[PDB]
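Here is data21.txt, consisting of compact mmCIF, C-alpha atoms and all ligand atoms:
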```txt
# COMPACT_ATOMS: atom_id res chain seq x y z
CA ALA A 1 68.47 25.18 -37.01
CA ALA A 2 70.10 27.21 -34.24
CA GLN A 3 69.61 30.77 -32.98
CA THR A 4 72.66 32.00 -31.08
CA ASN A 5 72.33 34.52 -28.23
CA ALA A 6 68.61 33.80 -28.02
CA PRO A 7 66.32 35.14 -25.28
CA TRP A 8 66.70 32.85 -22.27
CA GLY A 9 63.19 31.40 -22.52
CA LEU A 10 63.67 30.14 -26.07
CA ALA A 11 66.98 28.54 -25.10
CA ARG A 12 65.34 26.95 -22.04
CA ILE A 13 62.62 25.18 -24.06
CA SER A 14 65.26 23.44 -26.22
CA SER A 15 67.52 22.26 -23.37
CA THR A 16 67.37 19.72 -20.55
CA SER A 17 69.19 22.15 -18.20
CA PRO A 18 69.09 25.89 -17.45
CA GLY A 19 71.80 28.37 -18.35
CA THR A 20 72.19 27.80 -22.10
CA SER A 21 71.90 30.57 -24.69
CA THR A 22 71.19 28.81 -28.03
CA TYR A 23 67.66 27.98 -29.26
CA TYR A 24 67.70 24.72 -31.27
CA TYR A 25 64.66 24.06 -33.47
CA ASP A 26 63.54 22.32 -36.65
CA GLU A 27 63.53 24.57 -39.73
CA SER A 28 59.83 23.90 -40.42
CA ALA A 29 59.23 26.39 -37.58
CA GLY A 30 55.43 26.05 -37.40
CA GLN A 31 54.79 26.78 -41.08
CA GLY A 32 51.24 25.80 -42.06
CA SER A 33 49.85 26.29 -38.53
CA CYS A 34 47.84 29.27 -37.26
CA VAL A 35 47.78 30.93 -33.82
CA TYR A 36 45.03 33.29 -32.68
CA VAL A 37 46.24 35.77 -30.03
CA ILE A 38 43.18 36.92 -28.07
CA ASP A 39 44.39 40.07 -26.29
CA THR A 40 44.84 43.87 -26.75
CA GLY A 41 45.63 43.49 -30.48
CA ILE A 42 48.82 43.05 -32.49
CA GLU A 43 50.95 45.76 -34.15
CA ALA A 44 50.98 43.78 -37.40
CA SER A 45 53.31 46.28 -39.13
CA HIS A 46 56.19 45.46 -36.74
CA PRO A 47 59.14 44.28 -38.91
CA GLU A 48 59.62 41.26 -36.62
CA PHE A 49 56.37 39.71 -37.92
CA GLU A 50 57.54 39.74 -41.58
CA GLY A 51 53.99 40.13 -42.91
CA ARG A 52 52.77 36.98 -41.10
CA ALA A 53 50.43 38.80 -38.66
CA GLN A 54 47.04 40.36 -39.23
CA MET A 55 44.13 41.66 -37.19
CA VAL A 56 40.88 39.80 -37.90
CA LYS A 57 38.42 41.14 -35.26
CA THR A 58 38.06 43.98 -32.75
CA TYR A 59 35.41 44.67 -30.11
CA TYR A 60 36.43 48.33 -29.71
CA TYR A 61 36.65 51.49 -31.83
CA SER A 62 39.94 50.49 -33.49
CA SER A 63 41.92 47.32 -34.16
CA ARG A 64 45.17 48.98 -33.05
CA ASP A 65 47.14 47.68 -30.06
CA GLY A 66 47.35 50.83 -27.96
CA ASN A 67 48.77 48.95 -24.98
CA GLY A 68 51.61 46.61 -26.04
CA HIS A 69 50.62 43.47 -24.10
CA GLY A 70 49.12 41.69 -27.12
CA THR A 71 52.06 42.57 -29.37
CA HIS A 72 54.48 41.18 -26.75
CA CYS A 73 52.57 37.89 -26.47
CA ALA A 74 52.30 37.55 -30.26
CA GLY A 75 56.05 38.12 -30.53
CA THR A 76 56.78 35.20 -28.18
CA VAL A 77 54.53 32.95 -30.30
CA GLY A 78 55.92 33.81 -33.69
CA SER A 79 58.21 36.81 -34.24
CA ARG A 80 61.47 36.17 -36.11
CA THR A 81 63.87 36.99 -33.25
CA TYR A 82 61.71 36.44 -30.15
CA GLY A 83 59.31 33.67 -31.22
CA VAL A 84 59.05 29.92 -30.69
CA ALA A 85 57.34 29.16 -34.03
CA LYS A 86 59.11 31.54 -36.40
CA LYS A 87 57.04 30.74 -39.52
CA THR A 88 53.49 30.45 -38.10
CA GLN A 89 50.59 32.67 -39.15
CA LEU A 90 49.30 35.03 -36.43
CA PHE A 91 45.71 36.29 -36.16
CA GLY A 92 44.78 39.02 -33.67
CA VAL A 93 41.45 39.32 -31.87
CA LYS A 94 41.15 42.47 -29.71
CA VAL A 95 38.98 41.60 -26.68
CA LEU A 96 40.92 43.84 -24.24
CA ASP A 97 40.94 47.63 -24.31
CA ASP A 98 44.07 49.78 -24.42
CA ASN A 99 44.28 49.72 -20.62
CA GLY A 100 44.41 45.91 -20.68
CA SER A 101 40.87 45.37 -19.35
CA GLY A 102 37.76 43.76 -20.76
CA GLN A 103 34.32 42.49 -19.78
CA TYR A 104 33.68 38.76 -19.56
CA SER A 105 30.90 38.97 -22.17
CA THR A 106 33.38 40.37 -24.72
CA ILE A 107 36.03 37.75 -23.87
CA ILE A 108 33.42 34.99 -24.36
CA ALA A 109 32.35 36.48 -27.70
CA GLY A 110 35.97 36.49 -28.88
CA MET A 111 36.38 32.79 -28.11
CA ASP A 112 33.17 31.90 -29.95
CA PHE A 113 34.42 34.04 -32.84
CA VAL A 114 37.64 32.01 -33.18
CA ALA A 115 35.77 28.68 -33.17
CA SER A 116 33.85 29.87 -36.25
CA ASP A 117 36.49 32.00 -38.03
CA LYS A 118 38.99 29.13 -38.22
CA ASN A 119 36.68 27.50 -40.80
CA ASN A 120 37.44 30.46 -43.15
CA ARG A 121 41.23 30.10 -42.88
CA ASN A 122 43.84 27.92 -44.57
CA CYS A 123 45.62 26.27 -41.63
CA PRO A 124 46.49 22.76 -42.85
CA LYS A 125 48.70 21.91 -39.86
CA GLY A 126 46.17 23.03 -37.22
CA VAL A 127 44.95 25.91 -35.07
CA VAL A 128 46.02 27.21 -31.63
CA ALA A 129 44.53 29.96 -29.43
CA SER A 130 46.59 31.82 -26.82
CA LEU A 131 44.76 33.56 -23.92
CA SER A 132 47.05 35.64 -21.68
CA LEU A 133 44.16 36.94 -19.58
CA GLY A 134 41.85 36.03 -16.74
CA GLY A 135 39.98 37.07 -13.64
CA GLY A 136 37.80 35.65 -10.90
CA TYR A 137 35.98 32.35 -11.33
CA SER A 138 33.13 32.31 -13.84
CA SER A 139 31.43 29.14 -15.07
CA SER A 140 30.41 30.94 -18.28
CA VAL A 141 34.01 31.89 -19.12
CA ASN A 142 35.18 28.33 -18.42
CA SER A 143 32.41 26.95 -20.65
CA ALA A 144 33.46 29.22 -23.53
CA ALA A 145 37.06 27.99 -23.25
CA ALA A 146 35.85 24.37 -23.19
CA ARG A 147 33.75 25.01 -26.33
CA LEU A 148 36.72 26.48 -28.17
CA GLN A 149 38.87 23.44 -27.31
CA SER A 150 36.07 21.03 -28.32
CA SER A 151 35.77 22.77 -31.71
CA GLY A 152 39.29 21.58 -32.61
CA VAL A 153 41.56 24.40 -31.37
CA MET A 154 44.44 23.88 -28.94
CA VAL A 155 43.63 26.38 -26.14
CA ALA A 156 46.48 27.66 -23.92
CA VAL A 157 45.57 29.94 -20.98
CA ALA A 158 47.53 31.80 -18.30
CA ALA A 159 47.39 30.42 -14.74
CA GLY A 160 47.30 33.92 -13.22
CA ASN A 161 49.67 36.11 -11.19
CA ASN A 162 48.20 35.90 -7.67
CA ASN A 163 50.60 33.43 -6.00
CA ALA A 164 47.46 31.41 -5.25
CA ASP A 165 45.55 28.29 -6.28
CA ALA A 166 44.36 28.70 -9.87
CA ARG A 167 41.05 26.94 -9.05
CA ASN A 168 39.59 30.37 -8.19
CA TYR A 169 40.40 32.01 -11.55
CA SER A 170 38.98 31.73 -15.06
CA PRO A 171 39.60 30.50 -17.70
CA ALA A 172 42.64 29.03 -15.81
CA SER A 173 40.39 26.69 -13.81
CA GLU A 174 38.75 24.96 -16.84
CA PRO A 175 40.26 21.43 -16.79
CA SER A 176 39.93 20.70 -20.52
CA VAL A 177 42.30 23.48 -21.71
CA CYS A 178 46.09 23.85 -21.21
CA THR A 179 46.73 25.98 -18.09
CA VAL A 180 50.26 27.45 -17.97
CA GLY A 181 52.33 28.53 -14.95
CA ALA A 182 55.55 30.61 -15.05
CA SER A 183 59.21 29.87 -14.20
CA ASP A 184 62.40 31.99 -14.02
CA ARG A 185 65.84 31.55 -15.57
CA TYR A 186 67.12 29.65 -12.50
CA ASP A 187 64.34 27.02 -12.76
CA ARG A 188 62.32 28.42 -9.84
CA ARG A 189 58.58 28.91 -9.98
CA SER A 190 58.10 32.62 -10.63
CA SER A 191 57.26 34.35 -7.37
CA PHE A 192 53.88 35.58 -8.70
CA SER A 193 52.79 32.38 -10.47
CA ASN A 194 49.56 30.66 -9.49
CA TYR A 195 49.77 26.92 -8.77
CA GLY A 196 47.48 23.99 -7.99
CA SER A 197 46.17 20.74 -9.41
CA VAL A 198 44.59 22.42 -12.47
CA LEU A 199 47.97 23.50 -13.89
CA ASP A 200 49.13 21.36 -16.83
CA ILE A 201 52.61 22.75 -17.55
CA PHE A 202 55.12 25.53 -16.80
CA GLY A 203 56.92 27.78 -19.27
CA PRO A 204 59.38 30.70 -19.02
CA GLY A 205 57.68 33.77 -17.57
CA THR A 206 60.13 36.07 -15.71
CA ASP A 207 62.05 38.72 -17.67
CA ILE A 208 60.88 37.80 -21.18
CA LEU A 209 62.13 39.96 -24.07
CA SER A 210 59.70 40.35 -26.99
CA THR A 211 58.18 42.85 -29.43
CA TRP A 212 56.38 46.02 -28.27
CA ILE A 213 54.36 48.77 -29.95
CA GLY A 214 56.05 51.56 -31.87
CA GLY A 215 58.33 49.04 -33.54
CA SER A 216 60.21 48.49 -30.27
CA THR A 217 61.08 45.70 -27.81
CA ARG A 218 60.77 45.31 -24.04
CA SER A 219 61.19 42.74 -21.25
CA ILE A 220 58.21 42.05 -18.93
CA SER A 221 57.09 39.26 -16.58
CA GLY A 222 53.94 37.23 -15.99
CA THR A 223 52.05 34.03 -16.63
CA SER A 224 50.93 36.04 -19.69
CA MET A 225 54.50 35.52 -21.00
CA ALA A 226 54.67 31.79 -20.25
CA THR A 227 51.40 31.06 -22.12
CA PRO A 228 52.64 32.03 -25.65
CA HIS A 229 55.76 29.87 -25.21
CA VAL A 230 53.42 26.86 -24.85
CA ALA A 231 51.06 28.03 -27.62
CA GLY A 232 54.00 28.45 -29.99
CA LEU A 233 55.42 25.06 -28.98
CA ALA A 234 52.07 23.41 -29.78
CA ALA A 235 52.02 24.99 -33.26
CA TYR A 236 55.60 23.83 -33.85
CA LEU A 237 54.80 20.25 -32.78
CA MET A 238 51.59 20.11 -34.84
CA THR A 239 53.53 21.18 -37.96
CA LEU A 240 55.97 18.31 -37.33
CA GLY A 241 53.04 15.86 -37.10
CA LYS A 242 53.90 14.77 -33.54
CA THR A 243 50.48 15.64 -32.06
CA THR A 244 47.06 17.14 -32.82
CA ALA A 245 45.04 20.01 -31.34
CA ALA A 246 43.03 17.62 -29.16
CA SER A 247 46.08 15.95 -27.55
CA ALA A 248 48.81 18.62 -27.72
CA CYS A 249 48.63 19.64 -24.05
CA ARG A 250 48.96 16.01 -22.93
CA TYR A 251 51.83 15.40 -25.39
CA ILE A 252 53.68 18.48 -24.09
CA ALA A 253 53.26 17.23 -20.52
CA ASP A 254 54.42 13.69 -21.41
CA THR A 255 57.57 14.98 -23.14
CA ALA A 256 58.40 17.80 -20.70
CA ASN A 257 61.45 18.21 -18.51
CA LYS A 258 60.37 16.55 -15.25
CA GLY A 259 61.49 17.45 -11.73
CA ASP A 260 63.68 20.41 -12.75
CA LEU A 261 61.75 23.20 -11.00
CA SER A 262 62.03 24.36 -7.40
CA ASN A 263 59.45 26.06 -5.17
CA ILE A 264 56.63 23.83 -6.49
CA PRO A 265 54.00 23.12 -3.79
CA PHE A 266 52.85 19.55 -3.22
CA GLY A 267 50.02 18.70 -5.60
CA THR A 268 51.28 20.85 -8.50
CA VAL A 269 52.99 19.26 -11.50
CA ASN A 270 56.76 19.70 -11.85
CA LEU A 271 56.84 19.85 -15.66
CA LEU A 272 58.61 22.38 -17.89
CA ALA A 273 57.84 22.64 -21.61
CA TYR A 274 60.53 21.10 -23.84
CA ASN A 275 60.81 20.66 -27.61
CA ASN A 276 62.92 17.43 -27.59
CA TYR A 277 64.93 18.66 -30.59
CA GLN A 278 67.71 16.37 -31.84
CA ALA A 279 69.80 17.43 -34.84
EU EU B 1 67.15 18.57 -16.14
EU EU B 2 44.11 20.92 -18.36
```
How would this structure read if it were set down as structure tokens?
Amino acid sequence: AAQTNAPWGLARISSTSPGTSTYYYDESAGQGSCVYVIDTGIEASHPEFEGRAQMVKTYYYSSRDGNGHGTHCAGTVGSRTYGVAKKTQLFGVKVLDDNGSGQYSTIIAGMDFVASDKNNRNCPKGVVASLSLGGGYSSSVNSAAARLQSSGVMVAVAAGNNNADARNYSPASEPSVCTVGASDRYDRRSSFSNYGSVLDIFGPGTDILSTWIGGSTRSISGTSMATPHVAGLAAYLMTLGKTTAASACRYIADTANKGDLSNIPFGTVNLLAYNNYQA
């Protein structure tokens, strides 16, 4: 399948070079997989989700996304026009308030929730969790992310936006999950992206168009935007049978575009997520 005039990040993940505008992908499109988006919520009524999104848990007064951040990330995973895995099922867990903030105890509870809730869901091709959030180092937050991965869920987390070594941020610094940095449309590391030995992979993160609340769309930047590209790619690859939740991060790294990025400090991987699609 081919999507013409696609957002640049979708085109980039299906090409060996920058500057293309068509997203090439297999028609299976992540069907049979499930992605939990652990964030500010998802506006599940947005037409771009086609009935494939639902809220399953909130830690606040309402399950509504009053911010937009979670709806944008969910759109990059699996919306029709803006998503990597256009037929996946999306589940929202609201651990962040409508200002985009949340306490570590609530974030931990949301990860433990997903590890249990997945046993109630029909996800024959596998389960992914996308965490576009983080803060200062906490061993308890890292441990919760490690538990979620060990339970059989592919965990993708943002590296952080501090232009610093990700070893001082959580859950980015947990080795056992998939820690995602950001790149721009010219194959440079995004100017805000964290780096360091704990990063596993880069994805598109500067000027990413996706869904927004009120049935709208908007372009924003961050490692929060790169993370759902990798989460959606994992769901897509699991549906094709190429990898499993336990090994998806390693498979993505082994099959990535290598050496294409500039402004990568010594000691950080030079790997950009790539779907290896061949018609
Ligand atoms: Eu190349
Ligand atoms: Eu890792």
Test item: residues at most 12 Å from residue 179 (chain A), only C-alpha atoms, excluding those fewer than 6 positions along its chain, as a PyMOL selection string: chain A and resi 130-134+142+145+154-160+166-167+169-173+193-203+223-224+226-228+230-231+249-250+252-253+268-269
So that I can see what lies close to residue 88 (chain A), please list as an mmCIF file with C-alpha atoms, in the frame of the given file the residues with an atom at most 9 Å from it, counting all atoms listed in the file and leaving out residues fewer than 6 positions away in the same chain.
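Saved result, result_10.cif, follows:
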```
data_model
loop_
_atom_site.group_PDB
_atom_site.id
_atom_site.type_symbol
_atom_site.label_atom_id
_atom_site.label_comp_id
_atom_site.auth_asym_id
_atom_site.auth_seq_id
_atom_site.Cartn_x
_atom_site.Cartn_y
_atom_site.Cartn_z
ATOM 1 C CA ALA A 29 59.230 26.390 -37.580
ATOM 2 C CA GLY A 30 55.430 26.050 -37.400
ATOM 3 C CA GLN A 31 54.790 26.780 -41.080
ATOM 4 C CA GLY A 32 51.240 25.800 -42.060
ATOM 5 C CA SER A 33 49.850 26.290 -38.530
ATOM 6 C CA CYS A 34 47.840 29.270 -37.260
ATOM 7 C CA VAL A 35 47.780 30.930 -33.820
ATOM 8 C CA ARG A 52 52.770 36.980 -41.100
ATOM 9 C CA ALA A 53 50.430 38.800 -38.660
ATOM 10 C CA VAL A 77 54.530 32.950 -30.300
ATOM 11 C CA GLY A 78 55.920 33.810 -33.690
ATOM 12 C CA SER A 79 58.210 36.810 -34.240
ATOM 13 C CA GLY A 232 54.000 28.450 -29.990
ATOM 14 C CA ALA A 235 52.020 24.990 -33.260
ATOM 15 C CA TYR A 236 55.600 23.830 -33.850
#
```
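Taking all atoms listed in the file into account, the residues that come within 9 Å of ligand EU 1 (chain B) are residues 15, 16, 17, 18, 257, 258, 259, 260 and 261 of chain A.
Among the candidates A:176, A:275, A:67, A:21, the residue lying nearest to ligand EU 2 (chain B) is A:176 (atoms considered: all atoms listed in the file).
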Proximity to residue 38 (chain A) - best of A:106, A:139, A:99, A:81, all atoms listed in the file: A:106
Which of A:270, A:221, A:206, A:247 sits closest to ligand EU 2 (chain B) [using all atoms listed in the file]: A:247
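Protein and nucleic acid residues near (46.5, 39.2, -35.7) are residues 35, 36, 37, 38, 41, 42, 43, 44, 52, 53, 54, 55, 56, 57, 74, 89, 90, 91, 92, 93 and 94 of chain A, the criterion being any atom at most 9 Å away using all atoms listed in the file.
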Nearest-residue call for residue 243 (chain A), choices A:255, A:146, A:104, A:82, using all atoms listed in the file: A:255
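Interatomic distance, CA of residue 248 (chain A) to CA of residue 267 (chain A): 22.2 Å.
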Pick from A:256, A:273, A:238, A:180, whichever lies nearest to ligand EU 2 (chain B) using all atoms listed in the file: A:180
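Reported to one decimal place, the separation of CA of residue 152 (chain A) from CA of residue 122 (chain A) is 14.3 Å.
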